[PDB]
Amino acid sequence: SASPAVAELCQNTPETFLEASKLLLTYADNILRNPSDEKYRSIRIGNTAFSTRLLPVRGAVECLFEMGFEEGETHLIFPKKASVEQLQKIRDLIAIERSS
């Protein structure tokens, strides 16, 4: 498990790292723990939290892409084809760094 996105995410300041990694864990966990709830599979690119606290942060959007999200015009979508396994892998990597 050697993620370029997670390594980049860890290069942020402690404060920003915490803020962004927290959001990333929530996006992952909501899908992992509610796999039949479609509402957790799409994130609006213009959502205030997402656009201001996640997207501007080096490494963070790439963590979503490595999890399996795809970028549409207005949303990032976790598609039907995407494995929980790859999603879980990135969640686990980020959580280690938050405990670290």
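All residue numbers are counted from 1 along the displayed sequence.
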- line: Among the modelled residues of its chain, the C-alpha B-factor of residue 83 falls in the third labelled highest
task: Going by the recorded CA B-factors, say which third of the chain residue 69 sits in, lowest, middle or highest.
output: middle
field: Ranked C-alpha temperature factor of residue 34 among modelled chain residues, by third
entry: middle
- request: Within this chain's modelled residues, let me know which third the CA B factor of residue 95 belongs to: lowest, middle or highest.
  value: middle
task: Consider only the C-alpha atoms of the modelled residues in this chain, order them by B-factor as the entry records it, and name the third containing residue 60: lowest, middle or highest.
output: lowest
